[PDB]
Amino acid sequence: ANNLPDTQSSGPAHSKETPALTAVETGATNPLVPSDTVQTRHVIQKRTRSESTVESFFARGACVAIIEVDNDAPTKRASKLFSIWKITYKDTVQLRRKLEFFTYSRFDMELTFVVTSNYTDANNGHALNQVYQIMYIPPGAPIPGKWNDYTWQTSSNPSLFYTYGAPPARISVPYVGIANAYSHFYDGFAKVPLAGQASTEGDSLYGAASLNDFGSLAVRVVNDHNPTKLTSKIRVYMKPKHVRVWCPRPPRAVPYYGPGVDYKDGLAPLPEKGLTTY
Amino acid sequence: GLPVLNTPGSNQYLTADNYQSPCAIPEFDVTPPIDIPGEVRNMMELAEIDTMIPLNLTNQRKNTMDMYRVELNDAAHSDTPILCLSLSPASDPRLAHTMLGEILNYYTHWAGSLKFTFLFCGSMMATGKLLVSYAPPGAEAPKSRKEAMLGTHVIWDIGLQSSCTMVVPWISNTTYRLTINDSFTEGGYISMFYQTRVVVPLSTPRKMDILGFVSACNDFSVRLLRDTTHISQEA
Amino acid sequence: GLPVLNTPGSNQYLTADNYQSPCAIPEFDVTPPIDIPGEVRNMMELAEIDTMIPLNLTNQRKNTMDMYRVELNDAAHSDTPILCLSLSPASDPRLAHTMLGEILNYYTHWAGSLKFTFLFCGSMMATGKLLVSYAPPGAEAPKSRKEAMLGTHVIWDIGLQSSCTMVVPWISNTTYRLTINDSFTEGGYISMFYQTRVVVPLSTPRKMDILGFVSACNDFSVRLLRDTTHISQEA
Amino acid sequence: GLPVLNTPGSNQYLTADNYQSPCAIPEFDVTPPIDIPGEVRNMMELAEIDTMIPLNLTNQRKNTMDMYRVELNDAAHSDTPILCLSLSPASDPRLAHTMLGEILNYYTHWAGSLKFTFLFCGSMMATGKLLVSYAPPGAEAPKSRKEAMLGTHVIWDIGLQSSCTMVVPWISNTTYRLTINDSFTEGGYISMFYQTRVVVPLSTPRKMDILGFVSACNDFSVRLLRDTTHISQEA
Amino acid sequence: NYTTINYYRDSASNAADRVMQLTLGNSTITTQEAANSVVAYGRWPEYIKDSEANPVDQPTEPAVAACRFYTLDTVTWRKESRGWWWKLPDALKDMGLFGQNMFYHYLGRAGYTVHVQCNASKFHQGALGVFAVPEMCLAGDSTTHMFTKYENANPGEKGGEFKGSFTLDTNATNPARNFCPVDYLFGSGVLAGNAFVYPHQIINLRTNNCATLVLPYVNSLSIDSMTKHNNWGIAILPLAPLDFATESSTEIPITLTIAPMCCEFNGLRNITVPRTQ
Amino acid sequence: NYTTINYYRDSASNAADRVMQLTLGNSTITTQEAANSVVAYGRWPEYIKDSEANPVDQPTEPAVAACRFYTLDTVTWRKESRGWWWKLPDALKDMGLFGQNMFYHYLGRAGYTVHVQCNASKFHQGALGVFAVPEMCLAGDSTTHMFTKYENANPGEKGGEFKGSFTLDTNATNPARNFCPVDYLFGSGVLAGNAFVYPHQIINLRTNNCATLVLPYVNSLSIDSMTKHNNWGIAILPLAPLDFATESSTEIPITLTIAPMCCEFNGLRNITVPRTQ
Amino acid sequence: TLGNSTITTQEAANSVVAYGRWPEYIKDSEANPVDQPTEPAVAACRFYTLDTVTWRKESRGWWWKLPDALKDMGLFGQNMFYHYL
Ligand SMILES: CCCCCCCCCCCCC/C=C/[C@H](O)[C@H](N)CO
């Protein structure tokens, strides 16, 4: 984040000290500077690594979900009057890759909700401004089965009531991990199968645990239905704040295939170029 | 007047916000408070009170007063468990509806040691030794006293003191556990076994009952307040 | 109340803004951090780690483990290059997918000295001298050792030390370079030549491999964070 | 939260406003400045540089290099003007396209003294005396040297020094003048006459050229920045 | 200057070299052709501190009984080898009293000293990259995500091998449910050449015969279940293929010796008997 | 009074005379009819300072070997001449060791002393404007924008001539791809009469025989490629046409002598051989 | 290291300074010419590599003349041919 070191002038050298020659077998990166191999002038460095900080790298709102809801009528079976979305950053790739640069992370989160609505037909009248309810459902809490069941009382569940046309809604969340850091990767299982029990029992998905269980968001339109159908989409933008990260990893090189590290397609990411072609 | 810029989040209503609003009844003469007994500042104060566990949720016992009693007898010693519980204080049916479970069902994360208190409600002339065991998760749930004694446990002697407390310590990989049935944050296994057996003399009831209670310890805490699934409304 | 004026930019959402928002989980008891090894504060810390270069992107070698190895032999001395690279650490295919390239592809501007480390993976009985050259841009890309020795260069003696570092110094007209193939901000040309040749005795493999690594120096920096082209999503 | 009231002017965009906005590239490492020669802090610094006047905008001379030259000859003395200009530094065609005029065409109001510098580009063997006159407005534009000598003026002797500066002083009823052809804020009249005549010996060119330059003085200033009429775009 | 004021309670709402000897217990390792030794992330293994102890019951620290070098099965390096992987503590689950404490307790924690040994003559060629990867997740071999079963994910001391190319398991009736780690993708969809961001050492046969990596306990928790979670993954890849005197068919052994360090176990119960392959 | 408070991190978010002798190396210039000498922007040429050095490798400073006066080809001033232009360092690319250092290095930097010489009798007339233009971009001769080729944009010591009127190159098969600098537009769509905003000197034949301009190195970078980028452009225009005694057909030579100053070169390689016209 | 040229050696038999005298510039006490000299320094004071010769069993030896061997070597040869001394 802070200023880089200056460059010191270097003249000709004739000595038994050989910074150029090293041994990478040790696993240590040679900390050479230009003045070690070539003659250098004095440069008072003014560049800084301020935008390379882990905070800056993640200080952007990244779309992570597009939740679709409808306001048509209870009778219509093809219209989804409410939508439940499991909270995760793995429905999108860009933030997922930036995060999976690191094994562990710990950060507060900022959720911004951009709601856009539209008509689906013209010859059924018009609609009044809609209010959307976004109810956070932590794991274990009752999940709505209908758009107007008791669960939406939100006596305890945090809930956001957004008026259409208002600026995108926004909330902040502290670090809510049950562990001391978020696990981008979990090399293990939630169950250990025990000798004796049937192959059906004890079988758990690889890499899946309750560390990444954060509940879901239930989104509905609070208004009663107008004689015409209205389709709305809530876009969720996640911004990490106060980011700490641990154990850097090589970034994803091939397309993601599911919530894990599985790959199936695009296994040839590199193009063809001659060895002696510039 | 003063130049201002409206940031995003303007004109939104967040039910969790904390903003000043105009008073609709200005200059109201508020009735002063009196000292009422039983003031509560923290929900964990309620979670720290022992509440009876509906341990016996069999078909004929559930949703009666019998669901709280666990029947012991003076039969010959056996290594089979008396009762078996899963340490899911919010999602386990036998624990979800205790006061601790009821409070935990308003929160997403919990952490801390628990205490299970067992009360022996046999006659004064009954004697016995029980083994109350907690097994951290990962291994097979103990099916016999021989497995159970390898975990945390207490040997309870039933005498002049008819109650025993076993503290389940906080042994978790994560700093918090979820309040749902979850594999990565699974809690462990509570079990009870006969250490020797229950012995009674003649002219004494050969079947007795134990009552179970659970509560939190002073190191217990919750977070991420949510809506419970124990209450719902229709239409 | 207080007279206010709403400036332009009110009610907008800028994904880069930095504003306070209401907390949706007030009074949450956050799990404290533990000291986890391997904390990273700057992406340039990762960019400073040597990563193997896929130098040999021929048809049969690309997208295999052979793309990282460059084969030397004990043939007679020649002035033709062993390998030729263009100093475009983000847009050059052989450099774009190194860790340095991966980090640079999230940024628009970069500046600083680089280090290329070459490891000789022949037998102990092999000896030779190589010439690793950097030519600042502007002139024709060096097609022979005679041209290459006129630029920055290092003569590498393969002996008890099988690794050599060549620092490409920061020689640019602009204070920053772009992370795309760009003429005005072109970087230069890295090349490798045989200085004398590779000599082996009998009963030794006559063909060996060198591995290439690249990393940034402590004077390296980036800016203008952008979206990378190395990841994409469908539908 | 804090009670606020939205004043009028909220949610407007004024291109002249001065407000803080979120940065789209936070933590960018800005390239430091170097000391580049020729820094400019004020547009009046450019307006203070002499620039050649296209004085001779006749049909065959306009839009060529001849429009800058005014031809003198060794004819007999006459009181008719050599050149006549109207002191409208922004709207006068001969002045509008000078650097002073170009800068003034970005502003609505101007005020200050001007300097006209005339350079004699005849031979060393040519001699003469000219009269450069400024008449404040209000009276008839001087049609002869007899009228012109009653206003501000300088008698220029062409000798070892081939250049003469006439300062047009700031003589205005209003504190500022407009940058358009305007009667109430009209500037005056510049004119040039032969004082004696141009005399040359034999074997010398009998026709010579003078070049005109204009610039502002250190008391010059402009205000009310506007859009110029010297550049336009189609479709 | 600028002014910042927080208008909320929760802070979340606020704006953003060659000769070496290693002795552990009754085990000793001597090396003469070592390329030094790497301490992963510069952190030496340590015991849980009272300021970070989650479990309350007294831990057991077997010390020398379990903190000692165990040697795994030797693998063979050929010209056609693509690489090998092991999971820790999984590779040590059948190793002395360490495995006993591992299976008798619900929670376990340990760092490691990994010593990879590969000796060859001065007329051999080849380089091995030895990488310690925290949370070394590997890709499966089926269209079903995260479908690898426990038995295959925990091979034991034998570990697994990397593959040259990805093969899809189409057997619907009896799916293999095994890993398919591709060598150049490092088994996790990342280019192997970038794997050097992890703690590592290169065994270049012309320079060194061995590699030593001191892995601290790395995890998002202070202590976890060793049977559920593999803290570390040891991946060995041939960076430069093995070659020798043009004779061909040459193969040299690679031996792996791992010593757990600072072992702590909590939650004693009956022993865990995991289901076998 | 008013109050200002910054609510953001990045500062971008914040609200808004006659006898003279010049000796360089082994070259000397004496003048007796000089109109003084102009230092462009009042800045004397200098070497790169350690506080502004972008390249790290040691520069080479040929000093007297290259910092010396080279005389270009003489041009002829007639009554019909429209003007001439040269590009620096392009005009010196074939001048002694300066051109050698220019083509052997990737980066080069130099200021200049430009001395324009035009002597005529006391019975001659005419004035020459000599302008030093930073980034003297010239307009092309085709409907294709920016289509001038490298060979024509870098004529060398001969330079180019201005044109009285703009002519469009309609040859589609073999386009000229040459400049079309119009004298009264200064070759760049700007009136020539305003060209005096640039550093300049006027040679009035009745007053002076020569002009001297000391150009500092001017660029958005501390050092650049001399083969790619021409730092300066020297433009000479007849402000007053040449005339003499009514004889007609008179023509006097104009000679240009340029000395690079404070030459610095970085990035030594094999020599650059640019493609020729 | 001379100018932009560098030579590394690992099997050297030390280095000989002829007559124990290091090369130096002319001193004012010994300057015959009066006009200012030119000292190209790094432009010419740098390593130039000559054509390689082949050593065989039948080779009798080779000779070069200095500065003659460098007359076509960069700016050194240019200064050599542009100056009388
Ligand atoms: C007010 C009701 C609706 C809005 C409230 C929703 C709150 C949900 C916040 C807690 C769950 C998400 C926490 C962080 C997500 C992932 O773990 C991180 N991306 C991990 O890297």
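In listed order, ligands and their atoms are each counted from 1. Keep in mind that the numbers below use all heavy atoms, side chains included, and drop hydrogens, waters and symmetry copies. Every chain is numbered from 1, with letters handed out A, B, ... down the list of sequences.
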Hits for ring pair (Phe, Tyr, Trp, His ring centres under 6.0 Å) against A:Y104, two or more places apart or cross-chain, chain-then-number order -> none

Subset of ligand 1 atoms that lie under 4.0 Å from at least one heavy atom of A:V176: 10 (C), 13 (C)

Using the ring of A:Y89 (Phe, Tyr or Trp, six-membered ring only), decide whether A:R96 places NZ or CZ under 6.0 Å from its centre and within 45 degrees of its axis. no

Between A:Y89 and ligand 1, which residue portion shows a heavy-atom distance shorter than 4.0 Å: side chain, backbone, both, or neither? side chain

Identified side-chain contact (heavy atoms from CB on, under 4.5 Å) counterpart of A:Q133 within the set A:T154, A:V69, A:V219, A:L160: A:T154

Of all the heavy atoms in A:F107, does at least one lie under 4.0 Å from an atom in ligand 1? yes

For atom 11 (C) of ligand 1, what's the nearest protein heavy-atom neighbour? Residue, atom name and distance, please. A:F214 CB, 3.5 Å

Determine whether the aromatic ring centres of B:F220 and B:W110 lie less than 6.0 Å apart. yes

I'd like to know whether the aromatic ring centres of B:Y13 and A:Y162 sit less than 6.0 Å apart in this structure. no

Where ligand 1 meets A:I171 - atom numbers and elements under 4.0 angstrom, heavy-atom basis: 4 (C), 5 (C)

Do any pairs count as a salt bridge (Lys or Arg N to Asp or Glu O under 4.0 Å) and have a residue in residues 161-184 of chain A, sequence neighbours left out, and if so which ones? A:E110-A:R170, A:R170-C:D17

Whether A:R249 engages the ring of A:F185 as a cation-pi pair (distance to the six-membered ring centre under 6.0 angstrom, angle to the ring normal within 45°) should be assessed. yes

Need the ligand 1 atom indices (1-based, order shown) with element for anything under 4.0 Å from a heavy-atom of A:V173. 7 (C), 9 (C), 10 (C)

Measure the OG-CD1 distance between A:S159 and A:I171 for me, rounded to the nearest 0.5 Å. 11.5 Å

Nearest neighbour of atom 1 (C) of ligand 1 from the list A:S159, A:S216, A:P138, on a heavy-atom basis: A:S159

Can you list the ligand 1 atoms lying under 4.0 Å from a non-hydrogen atom of A:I87? 8 (C), 12 (C)

What atoms of ligand 1 come closer than 4.0 angstrom to any heavy atom of A:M238? 19 (N)

Under-4.0 Å heavy-atom contact with ligand 1, by part of A:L217 that carries it: side chain

Classify the contact between A:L99 and ligand 1 as side chain, backbone, both or neither, using a heavy-atom distance cut-off of under 4.0 Å. side chain

How far is atom 12 (C) of ligand 1 from its nearest protein heavy atom, and which residue and atom is that? A:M109 CE, 3.5 Å

